[PDB]
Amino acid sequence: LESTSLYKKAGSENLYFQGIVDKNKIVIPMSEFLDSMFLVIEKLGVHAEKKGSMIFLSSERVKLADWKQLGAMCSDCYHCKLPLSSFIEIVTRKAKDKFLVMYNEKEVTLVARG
């Protein structure tokens, strides 16, 4: 019931398939990265959309208190927005065990740690 928790469980399998995979990095185009990450939380009834460099979240069921706790700007329990970079940092938190995460408006780059 915390939608951000769904990221600790979803593999980087998503990002592997969608990205360009090298020995020591994976590069994922931004729209494909965001599409995959948005789809993860769609199962708790949380809808996500990008407009500009902001991510907008809204939910019919689940409260978004976890997103607010992590920095999102919410108008109520069911509607929040947050910068693209904050969204990327949140959803890749578990991937940081194995990868440096960096990005720009074009793409997300995960570099194997070492």
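Residues carry their position along the shown sequence, with the first being 1.
Stretches 90 to 98 and 5 to 13 differ in mean C-alpha B factor, with the higher average recorded for 5 to 13. The mean C-alpha temperature factor is higher for 39 to 47 when 24 to 32 and 39 to 47 are set side by side. In this PDB entry, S53 carries a Cα temperature factor that places it within the middle third of its chain's modelled residues.
Annotation for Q69: C-alpha temperature factor in the highest third relative to the rest of the modelled chain, per the entry.
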